[PDB]
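Chain A is the first sequence line, chain B the second, and so forth, proteins listed ahead of strands; every chain is numbered from 1. Whatever order the structure lists ligands and atoms in, that order sets their numbers, starting from 1. Values below: every heavy atom of this structure, side chains too, minus hydrogens, waters and symmetry copies.
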6 protein chains.
Amino acid sequence: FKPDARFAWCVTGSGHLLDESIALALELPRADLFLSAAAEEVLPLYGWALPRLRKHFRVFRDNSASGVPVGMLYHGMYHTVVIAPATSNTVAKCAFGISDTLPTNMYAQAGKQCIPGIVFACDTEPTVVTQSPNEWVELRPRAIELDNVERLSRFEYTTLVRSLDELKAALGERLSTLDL
Amino acid sequence: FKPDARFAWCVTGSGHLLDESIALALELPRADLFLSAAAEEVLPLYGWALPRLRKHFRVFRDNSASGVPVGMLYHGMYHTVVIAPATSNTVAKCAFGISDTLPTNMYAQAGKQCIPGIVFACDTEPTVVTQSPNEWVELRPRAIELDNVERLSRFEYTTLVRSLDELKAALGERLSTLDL
Amino acid sequence: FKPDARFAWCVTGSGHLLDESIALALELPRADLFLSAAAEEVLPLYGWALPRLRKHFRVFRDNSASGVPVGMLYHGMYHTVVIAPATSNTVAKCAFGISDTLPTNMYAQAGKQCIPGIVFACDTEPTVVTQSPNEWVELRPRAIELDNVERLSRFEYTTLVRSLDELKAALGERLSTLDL
Amino acid sequence: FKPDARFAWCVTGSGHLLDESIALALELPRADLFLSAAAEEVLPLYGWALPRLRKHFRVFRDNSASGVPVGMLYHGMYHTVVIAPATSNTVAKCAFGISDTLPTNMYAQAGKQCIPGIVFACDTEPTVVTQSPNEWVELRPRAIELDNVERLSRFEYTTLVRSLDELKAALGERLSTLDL
Amino acid sequence: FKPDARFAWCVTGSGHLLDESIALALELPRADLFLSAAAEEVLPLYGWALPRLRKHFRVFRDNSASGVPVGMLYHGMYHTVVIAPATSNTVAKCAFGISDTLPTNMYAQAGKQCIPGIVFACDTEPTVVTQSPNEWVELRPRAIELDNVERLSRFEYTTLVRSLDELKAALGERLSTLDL
Amino acid sequence: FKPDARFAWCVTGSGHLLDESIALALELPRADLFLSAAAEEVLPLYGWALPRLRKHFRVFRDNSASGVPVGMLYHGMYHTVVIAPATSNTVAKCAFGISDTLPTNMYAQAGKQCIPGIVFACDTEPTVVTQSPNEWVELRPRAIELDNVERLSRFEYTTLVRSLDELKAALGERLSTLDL
Ligand SMILES: Cc1cc2nc3c(=O)[nH]c(=O)nc-3n(C[C@H](O)[C@H](O)[C@H](O)COP(=O)(O)O)c2cc1C
Ligand SMILES: Cc1cc2nc3c(=O)[nH]c(=O)nc-3n(C[C@H](O)[C@H](O)[C@H](O)COP(=O)(O)O)c2cc1C
Ligand SMILES: Cc1cc2nc3c(=O)[nH]c(=O)nc-3n(C[C@H](O)[C@H](O)[C@H](O)COP(=O)(O)O)c2cc1C
Ligand SMILES: Cc1cc2nc3c(=O)[nH]c(=O)nc-3n(C[C@H](O)[C@H](O)[C@H](O)COP(=O)(O)O)c2cc1C
Ligand SMILES: Cc1cc2nc3c(=O)[nH]c(=O)nc-3n(C[C@H](O)[C@H](O)[C@H](O)COP(=O)(O)O)c2cc1C
Ligand SMILES: Cc1cc2nc3c(=O)[nH]c(=O)nc-3n(C[C@H](O)[C@H](O)[C@H](O)COP(=O)(O)O)c2cc1C
Ligand SMILES: Cc1cc2nc3c(=O)[nH]c(=O)nc-3n(C[C@H](O)[C@H](O)[C@H](O)COP(=O)(O)O)c2cc1C
Ligand SMILES: Cc1cc2nc3c(=O)[nH]c(=O)nc-3n(C[C@H](O)[C@H](O)[C@H](O)COP(=O)(O)O)c2cc1C
Ligand SMILES: Cc1cc2nc3c(=O)[nH]c(=O)nc-3n(C[C@H](O)[C@H](O)[C@H](O)COP(=O)(O)O)c2cc1C
Ligand SMILES: Cc1cc2nc3c(=O)[nH]c(=O)nc-3n(C[C@H](O)[C@H](O)[C@H](O)COP(=O)(O)O)c2cc1C
Ligand SMILES: Cc1cc2nc3c(=O)[nH]c(=O)nc-3n(C[C@H](O)[C@H](O)[C@H](O)COP(=O)(O)O)c2cc1C
Ligand SMILES: Cc1cc2nc3c(=O)[nH]c(=O)nc-3n(C[C@H](O)[C@H](O)[C@H](O)COP(=O)(O)O)c2cc1C
């Protein structure tokens, strides 16, 4: 990798722990953001519109079908790919080798080049989504979500994490490895 | 249970997600706190000294060897027992039927009376503990921690949860069941 | 054993059949009582405060972390160890080789010296606890209680009994063996 | 670890080979002692009262329920945890992930942080305890003691040793690794 | 069942826990007694002669070969059949479908009509029978007694209980079911 | 055996725990020493030259190819054979039925006559041998040593012990059996 290589932090269209995920990315020494089309829609709804993101990050939008920004991986510009948060959709696509979004292309190309990937899968446990003070909706991962997490966790050069704490740990191990 | 039955929320000597756990307890309609001896030492270190807790809760300290406050379970005063956060130590004791602290006695007696228990086990995944801005310690659960979580998760009338989100979901299901 | 060796009768913090257990101990030719910390709290609630016990027995309280009174086993002063009643907690500790109370230390040290132990396990069957004339609570042993009884029943030099009648029988066999 | 990191040598309430264990600790370049409550009672009976220990060691007593001194592990102050001698009780607690004493908390926290532990289990073989010149008591480990030693010996980052000689060897290997 | 349906409490010729069994029957809201021929002989020997029983109960003697009083089951007069205490003899007869006494006919006819039966089997554990202050006889259940208890415990609409405590629990569950 | 029968204590050319082994032999009521050729060379190096040994013991040197002193076993002069310490070499020879030294002949002939043998095998665990204050050598038993210990431990009339404590226990049991 180049001496000043960076984290490639991909964001998908997940509202789940989105703010906390960006908060962690903010703590990293050098990271650029790579968005899916859905992320670009979802991020403004949770406090992270593009103009705010660009105060802190270089931000690459998903505006090509071929995933043109992934070409930077060939130039040693990114030492690690992160997907956080990862929608169930993106976990499914990664697990089956589908790459038709910027984050799934970044992940697949990283793997082909033996670049470490860290994937924060957010559908491993039940959760609660509230609308009013005394009304809420419980979400429960389905068999397919759980199976896809298991599938992806077995991938080469991939650390699948299931919580913010574990994401922090994976990032910390990567930083230690890179002597950063 | 009595018409005005409450949550029995037990706290153990865990700094891990302690503040967020108390925050959830604060949201419940009626809950009393039951501390281990270690909790009484640890809680003040993280912003929850007894005088602050007592502004919001009835608080029972672990000051008897026999677990005298557990007698209230026999009077239909508590419809649910929670342990959150639960130290690895308390998960181990619960898993093997040891009850020599107020929280482990509350849990065991609940089970014998078929009162639902919800246990927030905090040692299921790696995590990071920081001391200085650029120095930190990674913790990793051992086989025994993982095995004990598996053991306890199989207990009658017990919902073992592994995250704050899942704890919220379990609490929400309980509230729905009780029509609260 | 010394010519005038005695029964070492350990009491734990169990209200269950406590009065009947002490009644049986009273019938034995020479027995001393060894209490857990919880027993010292529970016994007065059921008619057996320390001053009443001391009219009939030498009574050893659990007031050392190391279980100092157990040293008397090394001097041939006790030919038999009894635990009656035994809490689920003490059955669990005995079953896993934990000895951090006077009764569990007495039991473990007895075993290491091949001194017969008799353990009255009180959580083998459902029971009823009453509060008012027409209101009561049913207790039901959990899998862990049943499993721990099975575990402990297999121990060397150990007779696990599940009723007062069977405790009487075990005591009677011991008396016959000792020609008392 | 810090440049001047030390051995964390835990002592439990075992009279067995206690004097020889302290003798070995005395030979180590830098070691602090961490006592259980039972150790504090037992040590004076065998020639090692606290004032004598403190001529040679920093000594931490077990005077908190939460195991406050273990916090020093997070600061890289101890490169190794030793438990020697280890009572059957402490071996049992370690084997099942119970940590409610200073030594068992030191051991568990070491493991979670991948700090090497060395445990001198003293109940692996029959032994003789004498009272008078021509009278003595044979002790024999029970199945549960032997099983617990086997269990603990399989733990991550743990070297279970069964003799003083093997403890010396383990310490020597650790010193060689640390280039001390 | 009729609105004022009763317990049909059968007594067999067992001296074992007979007084305590009648004591429990006395606590039930509405119960009639149904005796075997042997019960009629044994009951007076233990404090419960027919005239004393009839101060508290309607009492049906076993004075017909066909078990004429069992006809009352067809009229919805009894919501539950109890046998307590049950001799080994009556447990054996029930287990093999033999009905040639009033209690065994009550039990079999209850089963055919899907009326719940509760059977207190008294030969599951060793016990002691005393004659003089320092002389006694130990009884031990044989394989056939243990096997027959296992057999009967599997019967439809049957709760086999092995202690007074468990009998109380079964009765309590029945009362709760019947909203009594 | 003769009324004044003795222990036949064999010594091999082991420096390991040699001084402590002789110390135990000194405590026995009546024991004679039987040396291998290697023992006669090694003993003076560790404080036990023949003239010192002969102040306390009758000492038989290995100065015949046929093991002439073993003839005393035929005359009921020795009730027990001990080998302590036993070199790996002597454990190997005993395990395979080789008897071409005084100790291995004493052991084999004892076995053929059903005379109890106690063998202190010293190669069951790693150990440390020091030369200078800060330099030492670790020894580790090989598979063949461990296998041979297992083999010999299965021999008729043989108690294989792996520590000084266990040797003391075996000797104590023998003394108790012989009412000495
Ligand atoms: C269309 C939509 C889909 C969502 N899907 C998920 C999901 O798959 N998993 C999840 O944990 N939360 C999901 N959420 C919840 C958001 O991530 C987040 O919690 C936020 O509070 C949304 O609030 P709201 O759905 O009530 O409008 C979803 C929200 C929306 C609007
Ligand atoms: C406000 C909002 C919040 C959402 N949150 C989630 C979520 O937390 N997890 C999830 O799997 N999908 C969530 N979705 C649905 C995804 O955006 C949707 O599946 C999309 O196709 C994901 O595409 P992507 O994986 O390429 O980013 C959300 C949708 C909306 C509109
Ligand atoms: C003695 C001690 C034990 C701890 N044990 C754990 C643990 O088992 N699991 C965990 O997630 N955090 C553990 N922590 C971390 C605290 O829960 C919490 O994260 C806090 O930040 C402690 O900061 P500090 O250890 O650096 O002093 C422990 C902290 C201390 C002092
Ligand atoms: C400041 C501090 C923080 C701690 N945090 C944790 C923790 O997050 N998880 C854990 O298993 N133990 C933690 N410990 C250790 C426990 O307090 C210790 O094991 C204690 O025996 C637990 O007892 P309890 O389960 O009855 O509450 C901590 C200790 C201290 C002093
Ligand atoms: C805190 C507490 C725990 C008890 N635990 C048990 C138990 O595990 N098993 C049991 O048979 N009885 C148990 N009991 C019941 C007492 O042993 C005894 O039956 C007595 O009647 C207690 O009355 P009470 O609980 O209504 O106050 C418990 C009672 C209390 C107060
Ligand atoms: C009034 C009272 C009665 C209790 N009765 C029982 C009981 O019958 N059985 C039981 O397992 N625990 C019972 N407990 C709970 C035990 O006292 C508790 O588990 C304690 O930790 C036991 O410690 P020990 O085994 O060392 O004596 C009771 C507690 C109280 C306050
Ligand atoms: C209460 C007590 C418990 C003991 N437990 C053990 C033990 O579990 N294992 C052991 O090898 N020695 C044990 N010992 C023996 C001491 O560790 C030590 O050998 C010392 O000589 C004790 O002498 P004494 O028991 O005759 O008073 C115990 C001694 C006492 C007093
Ligand atoms: C004088 C004395 C010596 C003891 N020696 C031993 C011993 O050698 N081994 C052992 O397992 N227990 C021994 N015990 C019993 C332990 O001290 C007891 O089990 C205690 O609960 C251990 O607690 P700990 O493991 O936290 O230190 C001894 C007790 C006394 C009073
Ligand atoms: C003929 C006879 C048979 C008995 N059978 C039993 C029995 O099978 N099981 C039992 O627990 N007790 C049995 N007992 C004991 C009585 O139920 C009861 O305990 C009473 O104390 C009888 O005293 P006794 O036999 O010494 O005369 C029997 C007693 C007698 C006389
Ligand atoms: C005084 C006395 C007490 C008895 N106690 C018992 C007993 O406790 N258990 C038992 O199985 N048989 C006992 N028997 C024997 C039974 O009465 C005998 O087996 C009889 O045939 C039982 O008939 P039944 O089951 O129809 O009532 C006792 C007999 C007598 C005379
Ligand atoms: C030739 C020789 C062989 C030895 N073999 C062993 C052995 O097989 N096992 C052992 O525990 N010690 C062995 N030792 C060590 C001695 O038994 C003893 O520990 C003593 O301290 C020897 O010191 P030194 O070897 O440094 O000269 C041996 C020593 C020597 C000189
Ligand atoms: C000073 C010295 C110490 C020795 N210590 C040991 C020892 O501790 N264990 C061992 O297996 N061999 C040891 N040996 C090697 C044995 O003496 C050697 O294998 C010899 O052949 C043993 O013969 P033996 O079994 O008939 O006595 C030592 C040798 C020397 C010179």
Side-chain angles (χ1 to χ4, degrees), chain C residues 62 64-75 93 97-102 104-109 111-113, chain D residues 10-19 35-46 62 83 85-94 98 100-104 121-122 124-132 135-142 145, chain E residues 10-18 35-46 62 83 85-94 98 100-105 121-122 127 129 139 141 145, chain F residues 165 169:
Chain C
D62 196 355
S64 69
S66 63
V68 168
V70 187
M72 291 185 291
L73 290 186
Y74 286 77
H75 292 280
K93 288 181 174 191
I98 294 161
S99 58
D100 65 356
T101 68
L102 177 55
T104 53
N105 273 121
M106 288 289 285
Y107 174 73
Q109 291 291 323
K112 295 179 183 188
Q113 298 186 41
Chain D
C10 304
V11 184
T12 64
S14 169
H16 195 230
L17 297 184
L18 182 57
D19 184 43
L35 317 181
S36 69
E40 186 170 349
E41 291 173 4
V42 169
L43 277 157
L45 290 171
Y46 298 102
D62 196 355
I83 311 182
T87 54
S88 53
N89 171 69
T90 284
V91 170
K93 288 181 174 191
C94 293
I98 294 161
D100 65 356
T101 68
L102 177 55
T104 53
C122 303
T124 68
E125 297 159 47
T127 184
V128 160
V129 178
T130 56
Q131 292 81 44
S132 72
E135 206 41 65
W136 43 270
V137 160
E138 178 178 2
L139 307 185
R140 299 185 66 90
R142 304 168 295 160
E145 272 83 47
Chain E
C10 304
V11 184
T12 64
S14 169
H16 195 230
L17 297 184
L18 182 57
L35 317 181
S36 69
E40 186 170 349
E41 291 173 4
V42 169
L43 277 157
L45 290 171
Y46 298 102
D62 196 355
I83 311 182
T87 54
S88 53
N89 171 69
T90 284
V91 170
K93 288 181 174 191
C94 293
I98 294 161
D100 65 356
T101 68
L102 177 55
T104 53
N105 273 121
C122 303
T127 184
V129 178
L139 307 185
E145 272 83 47
Chain F
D165 283 348

Undergrad: Number the atoms of ligand 10 from 1 as they appear, then name those within less than 4.0 Å of a heavy atom of E/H16, with their elements.
TA: 8 (O)
Undergrad: Suppose I only count heavy atoms of D/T127 and a 4.0 Å limit; which atoms of ligand 7 are within that range?
TA: 11 (O)
Undergrad: Is the backbone of D/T87 close enough, under 3.5 Å, to the side chain of D/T12 for a donor and an acceptor to pair up by distance?
TA: yes
Undergrad: Could you tell me whether the side chain of E/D62 and the main chain of E/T101 form a donor-acceptor pair under 3.5 Å?
TA: no
Undergrad: With only distance considered, is C/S66 within less than 3.5 Å of ligand 7 through an N or O on each side?
TA: no
Undergrad: With heavy atoms of C/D100 as the reference, note each atom of ligand 8 found under 4.0 Å away.
TA: 21 (O)
Undergrad: Please confirm whether C/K112 comes within less than 3.5 Å of ligand 7 when only nitrogen or oxygen atoms on both sides are compared.
TA: yes
Undergrad: Hey, could you give me the CG/OG distance between D/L43 and C/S66, rounded to the nearest 0.5 Å?
TA: 10.5 Å
Undergrad: Please classify the E/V42 to ligand 10 contact at 4.0 Å (heavy-atom distances, strictly less than): side chain, backbone, both or neither.
TA: side chain
Undergrad: Pull out every atom of ligand 8 sitting under 4.0 Å from any heavy atom of C/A65, numbered as shown with elements.
TA: 20 (C), 21 (O)
Undergrad: With heavy atoms of D/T90 as the reference, note each atom of ligand 8 found under 4.0 Å away.
TA: 24 (P), 25 (O), 26 (O)
Undergrad: Would you mind running through ligand 7 and noting each atom that sits below 4.0 Å from a heavy atom of C/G71?
TA: 1 (C), 31 (C)
Undergrad: So between E/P103, E/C94, E/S14, whose heavy atom ends up nearest atom 8 (O) of ligand 10?
TA: E/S14
Undergrad: Could you tell me if the side chain of E/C94 sits less than 4.5 Å from the side chain of E/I83, heavy atoms only?
TA: yes
Undergrad: I want to know if ligand 8 touches D/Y46 in the polar sense, i.e. an N/O pair below 3.5 angstrom.
TA: no
Undergrad: Could you tell me if the side chain of E/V11 sits less than 4.5 Å from the side chain of E/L18, heavy atoms only?
TA: yes
Undergrad: Which bit of E/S36 is near ligand 10, meaning a heavy atom under 4.0 Å away: side chain, backbone, both or neither?
TA: side chain
Undergrad: In Å and rounded to the nearest 0.5 Å, what is the CE to CE distance from C/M72 to C/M106?
TA: 6.0 Å
Undergrad: Can you check whether D/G15 has an N/O within less than 3.5 Å of an N/O in ligand 8?
TA: yes
Undergrad: Is the closest N or O pair between E/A38 and ligand 10 shorter than 3.5 Å?
TA: no
Undergrad: Side chain of D/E41, backbone of D/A38: donor and acceptor closer than 3.5 Å?
TA: no
Undergrad: Heavy-atom contacts with C/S99 under 4.0 Å: which atoms of ligand 8 show up? List them by number with element.
TA: 18 (C), 19 (O), 20 (C), 21 (O)
Undergrad: May I ask whether C/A108 places a heavy atom under 4.0 Å from ligand 8?
TA: no
Undergrad: Roughly how far, to the nearest 0.5 Å, is the NZ atom of C/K93 from the NZ atom of D/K93?
TA: 6.0 Å
Undergrad: Which part of D/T87 is near ligand 8, with near meaning a heavy atom under 4.0 Å away: side chain, backbone, both or neither?
TA: both
Undergrad: First locate atom OH of C/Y74, then atom NZ of C/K112, and finally report the distance between them rounded to the nearest 0.5 Å.
TA: 6.5 Å
Undergrad: Could you list the residues that satisfy side chain to side chain contact (heavy atoms under 4.5 Å, CB included) with D/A37, not counting sequence neighbours?
TA: C/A65
Undergrad: Sequence neighbours excluded, which residues qualify as side chain to side chain contact (heavy atoms under 4.5 Å, CB included) partners of C/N105?
TA: C/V70, C/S99
Undergrad: Using a strict 4.0 Å cut-off to heavy atoms of D/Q131, name the atoms of ligand 7 that fall inside it.
TA: 26 (O)
Undergrad: Does any part of the side chain of E/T104, heavy atoms only, come nearer than 4.5 Å to the side chain of E/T90, both counted from C-beta?
TA: yes
Undergrad: Answer yes or no: does an N/O atom from E/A39 fall short of 3.5 Å to an N/O atom of ligand 10?
TA: no
Undergrad: Among D/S36, D/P85, D/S88, exactly one meets side-chain contact (heavy atoms from CB on, under 4.5 Å) together with D/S14. Which residue is that?
TA: D/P85
Undergrad: Does the side chain of D/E138 reach to within under 4.5 Å of the side chain of D/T127, using non-hydrogen atoms?
TA: no
Undergrad: Measure across C/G97 and D/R142 and return the closest heavy-atom pair with its distance rounded to 0.1 Å.
TA: CA-NH2, 4.4 Å
Undergrad: Taking atom 10 (C) of ligand 7 as the point of reference, which of D/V129, F/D165, D/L139 owns the nearest heavy atom?
TA: D/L139
Undergrad: Just jot down the ligand 8 atoms closer than 4.0 angstrom to any heavy atom of D/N89, in number order.
TA: 22 (C), 23 (O), 24 (P), 25 (O), 26 (O)
Undergrad: For ligand 7, note which part of C/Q109 has a heavy atom under 4.0 Å away: side chain, backbone, both or neither.
TA: side chain
Undergrad: Among E/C122, E/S88, E/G13, which one puts a heavy atom closest to atom 11 (O) of ligand 10?
TA: E/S88
Undergrad: If you measure every N or O of C/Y74 against every N or O of ligand 7, does any of those distances drop under 3.5 Å?
TA: yes
Undergrad: Using heavy atoms and a threshold below 4.0 Å, how should the contact between D/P85 and ligand 8 be classified: side chain, backbone, both, or neither?
TA: neither
Undergrad: If you count the atoms of ligand 8 from 1 in the order shown, which ones are under 4.0 Å from a heavy atom of D/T12?
TA: 25 (O), 27 (O)
